[PDB]
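# When you get a sec, could you give me coordinates for this:
(2 chains)
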Amino acid sequence: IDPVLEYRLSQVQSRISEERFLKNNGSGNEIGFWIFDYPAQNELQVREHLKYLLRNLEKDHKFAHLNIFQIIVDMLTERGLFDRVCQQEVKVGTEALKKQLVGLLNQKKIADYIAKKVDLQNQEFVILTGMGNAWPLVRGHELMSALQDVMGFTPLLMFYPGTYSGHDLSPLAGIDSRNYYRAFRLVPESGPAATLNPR
Amino acid sequence: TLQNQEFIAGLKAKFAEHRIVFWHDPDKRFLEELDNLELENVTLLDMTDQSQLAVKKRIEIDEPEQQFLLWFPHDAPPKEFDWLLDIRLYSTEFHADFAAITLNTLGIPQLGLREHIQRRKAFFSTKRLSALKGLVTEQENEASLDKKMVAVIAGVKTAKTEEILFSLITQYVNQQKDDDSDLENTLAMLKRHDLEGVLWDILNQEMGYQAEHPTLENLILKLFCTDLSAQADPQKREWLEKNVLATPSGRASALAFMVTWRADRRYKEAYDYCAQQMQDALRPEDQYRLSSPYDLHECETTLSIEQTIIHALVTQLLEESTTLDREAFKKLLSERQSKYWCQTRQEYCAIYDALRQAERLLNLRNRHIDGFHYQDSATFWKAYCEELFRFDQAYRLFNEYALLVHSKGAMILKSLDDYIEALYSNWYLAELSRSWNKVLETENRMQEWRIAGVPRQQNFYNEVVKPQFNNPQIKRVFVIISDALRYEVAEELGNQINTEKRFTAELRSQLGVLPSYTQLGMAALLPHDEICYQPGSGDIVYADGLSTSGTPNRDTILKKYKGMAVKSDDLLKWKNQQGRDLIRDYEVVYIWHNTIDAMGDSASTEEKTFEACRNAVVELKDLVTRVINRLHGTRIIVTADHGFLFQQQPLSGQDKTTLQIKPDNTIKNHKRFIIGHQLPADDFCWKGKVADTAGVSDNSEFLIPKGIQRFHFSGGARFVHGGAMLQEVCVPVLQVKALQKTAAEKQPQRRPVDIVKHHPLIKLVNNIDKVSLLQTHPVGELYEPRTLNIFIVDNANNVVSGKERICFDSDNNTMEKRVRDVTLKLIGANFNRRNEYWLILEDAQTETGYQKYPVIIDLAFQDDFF
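Numbers count the residues shown, from 1 in each chain, chains lettered A, B, ... in the order given. Next up is the structure itself:
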């Protein structure tokens, strides 16, 4: 076990039953999102903990289930929309065709299918699985930018396989050039507040 | 077979703890054996044709307990669509690839470090492998492999962060100016293998540099700031202490590194950019401004530090430190001349003697700030010959040194020239003017002709020249005869050669002809029993009735003493081995000489007599050749015809009070005197008996301005000569014998000594016979020390005699006295009488057919004489 990530993961259930999470009390009059950068290779620990958390948190609160790579697999099998958008050619010529084959997955539109899977506004939250499988075209701060179209005020947590410096998000071997801030740090990277399971 | 056993063992070692194993196979290393593989559960996935989304799904979602071996004929699919990249990263690859080629092509055979080299699989090609074998020291470890892999990308052949940095800083100096990025391509290639982390890590372990987001720009800031801080203004350090290297151990590394960068001129080069970066960031020079100059002997950080000290001392000389800050004035000088920018740029070194020789002039001024005063002409002369021409030297020097800072157009001091020149015109000249008048007023030497101790010019060839025969060698030496010389040439040339050997002298001087212009100085030295002024010549003169001017007359003056003369057009290095012969009776021999006089009555250059203090000074620390002990030569023969002045501005009032009644027999009238009969002195004219003082057949008195006052400006006004005093009539009878030639040197080929014979042709008649080498013209400072390989030849250097190897160490006098019999051994009548033959003197130190002079031999054998 890594006890620092196990502590930060246990603080998913602590923040959820603490006031700030479901009251959205950054300013309260906000969508109550949250942030959870985690050591990128600890995939199994976060996946398995959230497969456990789907079983444990119903003692306290109301939610449903998501699988990160399943949501993509449910609509694609290879670049897929690539193979389908080949239809553009006759309609307006080769310009829109080529730009839509090349410039794939504009991330705004990720919102609706998760709202068809789960009644997001009726939940207190939703629990994820498959986790750090993130290397299609879906990015952490973009997913957090998309789902606010449909989550309403209900919290979402940016589990991300890497780091968030309190500003710069980055997964895996060092990727992306972007931030997220509407979301509160669930537990930061650092200090004793990041590590509260001593003996 | 065994590659399959180790393929099986390597796959087993992956599948023991990872459910999924990659195996990229562009080398297709086990393409046939896929089902010979012993693995429990494992499914091979050739990924190449797969829907890689749906086979990530297979691997992760669909088959969560199934083991998988992935395969491709290339690397990963495109990372923007690489669904599998997270797995690819957190999981493992089976190495179908073999380490042994890489290991042994690195040299490094090591089956442990193999696993880091495996972590470096994407690094390798035979070039890098073997280059690294060229650097490998097989007690390697991962950190040395890292440091060396850095070094391998960096092109150096020792792996140390200073030297790596020196390379990278080369690449920074490129990247900052001249179209380069291989610094950052190196850094990126470091990062490609984790090594850039290790670079900026060991930049702390060795160079004590860190940043959160480092670049060589930020390091070069931090490290420049280190030695900038170590050399910061002690009056203003702290505000520049705060941009430095991340650790004081880094500061200490950076000082040793920058001491290296200075000392080791390999890596000076990176100051081609630091001094460009390091101003406009803070303009700290403009923040420093009035900080103390002379204390900065210490600090060499920038052009601006230097220009601070300049303007802070230009300040001190427009504030015009006559009253002298002496030891601070000194504190800076030699240190700067030796310090980096000075060592790059000599004009800066000149600053420090634009200082040093002003440090003279103003110390000199202070100690004699009312001009000078002594009790009579002998005690003024005594002080003059200690020091009271050094105020010429110092002024001249430091102005020319200031002007040597200015050499590249850098007039970075200008207007204090106008202060120090006002010392000249309006004070230095202006005062002693009056002072030695009060002595000539005390003495009236005018018609009262004796002065204590000091000798006189008035009878030299009659009562001194042949009286120099008091040593048994002596009858004769060669003369150079010169026009215009401010006496201090004949102190600088000799004192700045107190370092020389039997090239030698003694501190001595004597009083010249009282009217100070060239030709009366000449007349008293024209070889004589009597000195002649005659009608029809006017300002041209004679002795023994033969005249100072016109070439046929000039060689003829001397024939009374067997002699001849040569021009300043010709003397310079006047023609080679024939110099043994054209002269051999001549008790007197003459050369004419004129660079400063050609700046003088050339009125366009009188205002440019500081340029005589350049052009003639570059000739006049120098002079001789043809004398020091070798092929026999003996003494000085030149001395002052007249002294002269210069001053950088239009004249003071004291520069030009003037004449009484001009004499009817005006023998010359001039910018600073007139010669002629019946003239006793006046408030600002000295006037006295030339007939007492001159020894010439001349009735005259003189008109001279008393003090630095002046007359009809014929050929000068800021430059003048004529009157009573020692920038006009100090004459250098310094005891002297030889010097350092560059004066009067240019036009003829060389005259590499002269050496051969005492014969008509080089013709010999004994069976073994004397080549009687007549020692007449040594080496000295252009002519040769060459060992002579003397032998007779045909036109083409083919031997027709025995051979002699010859050199000398003698300075002996009387030209009739000086044969050396180099007795050669001779070969009958082999000489082809239709063709020419010669005595080759090889340069025996290079032994070519180097030089030859004419021979024909056809022996009348020994019995014909005896």
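# ok, residue B:835 touching residue B:794?
Yes: here residue B:835 reaches residue B:794: they are 6.5 Å apart, a contact under Cβ atoms under 8 Å. Every C-beta, even on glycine, is put in place using the N, C-alpha and C of the backbone.
# Which of those two has more residues huddled nearby?
residue B:794 (18 against 10; other Cβ atoms under 10 Å in any protein chain shown).
# mind listing what the more buried one touches?
By Cβ atoms under 8 Å, 6 or more residues apart in numbering or on different chains, the contact set of residue B:794 is B:800, B:831, B:832, B:835, B:836, B:837, B:838.
# and the gap between the closest residue to the fifth one other than its chain neighbours and residue B:788?
Read that as residue B:836. Nearest-residue entry for residue B:836: residue B:795, 5.6 Å, with adjacent residues in sequence omitted and distances by Cβ to Cβ, 6 or more residues apart in numbering or on different chains. Using Cβ to Cβ, to the nearest Å, we find residue B:795 at a distance of 20 Å from residue B:788.
# Residue of chain B nearest chain A, please.
Proximity of chain B to chain A (Cβ to the nearest Cβ) peaks at residue B:85, 3.9 Å away.
# what's near enough to touch residue B:543?
Residue B:543 makes contact with B:461, B:523, B:524, B:525, B:526, B:527, B:528, B:530, B:531, B:532, B:557, according to Cβ under 8 Å, 6+ apart.
# What separation do you get for it and residue B:510?
According to Cβ to Cβ, residue B:543 and residue B:510 sit 18 Å apart.
# Next: residue B:753.
33 Å.
# So between these two, which is more surrounded?
For the pair residue B:753 and residue B:510, the greater number of neighbours falls to residue B:753 (29 against 21), based on other Cβ under 10 Å.
# would you say that one is within a helix?
No: Residue B:753 is assigned coil when assessed by DSSP: H, G, I helix; E, B strand; the rest coil, not a helix.
# Quick check: it touching residue B:779?
Yes: contact criterion Cβ under 8 Å: residue B:753 and residue B:779 qualify, at 6.6 Å.
# Identify the contacts common to those two.
With Cβ under 8 Å, 6+ apart, residue B:753 and residue B:779 have common neighbours B:626, B:630, B:631.
# Just give me the neighbour total for residue A:69.
Each residue near residue A:69 was counted by other Cβ under 10 Å, and the total is 23.
# In contact with it: list those residues for me.
Here residue A:69 is in contact with A:130, A:133, B:56, B:57, B:60, B:61, B:83 (criterion: Cβ under 8 Å, 6+ apart).
# Sort out which of these are buried, if you could.
Listed as buried from the contacts of residue A:69 are A:130, A:133, B:56, B:57, B:60, B:61, B:83; burial here means 16 or more other Cβ atoms under 10 Å in any protein chain shown.
# Could I get the phi/psi values of the second one?
Just to be clear, that refers to residue A:133. Main-chain dihedrals, residue A:133, degrees, to the nearest 10: phi -60, psi 20.
# before we move on, what about the fifth one?
Here is the backbone geometry of residue B:60 (degrees, to the nearest 10): phi -80, psi -60.
# Might you report the residue contacts of it?
Per Cβ under 8 Å, 6+ apart, neighbours of residue B:60: A:69, A:130, A:133, B:87.
# Where helices are concerned, which of the residues you listed count?
By the criterion of DSSP state H, membership of these in helices covers A:69, B:87.
# May I ask which two of the contacts of residue B:60 are separated the most?
The largest separation in these, counting by Cβ to Cβ, is between A:130 and B:87 at 11.2 Å.
# Surely residue A:26 and residue A:184 touch.
Yes: under the criterion of Cβ under 8 Å, residue A:26 makes contact with residue A:184 at 5.3 Å.
# Overlap in contacts, the two.
Counting by Cβ under 8 Å, 6+ apart, the shared contacts of residue A:26 and residue A:184 are A:20, A:32.
# near chain B, which residues of chain A?
Within reach of chain B by Cβ under 8 Å from any Cβ of the partner chain, chain A has these residues: A:40-41, A:43, A:67, A:69-70, A:72-73, A:76-80, A:104, A:130, A:132-137, A:161, A:172-173.
# re earlier: can you tell me which of the contacts of residue A:69 is nearest residue B:213?
residue A:133 (30.4 Å).
# Contacts only, for the one residue in chain A that gets nearest to chain B.
When distances are taken as Cβ to the nearest Cβ, chain A reaches nearest to chain B at residue A:135, 3.9 Å away. For residue A:135, the contacting residues are A:171, A:172, B:79, B:82, B:83, B:84, B:85, B:86, by Cβ under 8 Å, 6+ apart.
# what about burial for those residues, which qualify?
For these, a neighbour count by 16+ other Cβ under 10 Å gives the buried set as A:171, A:172, B:82, B:83, B:84, B:85, B:86.
# ranges for the strands of chain A?
A:34-38, A:63-65, A:125-127, A:157-164, A:169-171, A:184-185 (DSSP state E).
# Out of the ones you listed, which one sits most buried?
For the strands of chain A, the largest average neighbour count (mean count of other Cβ atoms under 10 Å in any protein chain shown) is found in strand A:34-38, namely a mean of 23.
# Look at residue 91 and say how many residues are nearby.
Since no chain was named, I'll use chain A. Around residue A:91 there are 8 residues (other Cβ under 10 Å).
# was after chain B, sorry
Residue B:91: 19 surrounding residues under other Cβ under 10 Å.
# wait, it sits on residue B:15?
No: the pair residue B:91 / residue B:15 is not scored as a contact, 11.2 Å apart, by Cβ under 8 Å.
# Now list whatever residues contact both of the two.
Taking Cβ under 8 Å, 6+ apart as the criterion, residue B:91 and residue B:15 both touch residue B:21.
# Please, where are all the strands along the stretch 751-866 of chain B?
Secondary structure of the stretch 751-866 of chain B (DSSP state E, counting those that start in this stretch): strands at B:768-771, B:788-794, B:804-806, B:822-825, B:837-843, B:851-855.
# ok, now which ones touch residue B:298?
Here residue B:298 is in contact with B:231, B:335 (Cβ under 8 Å, 6+ apart).
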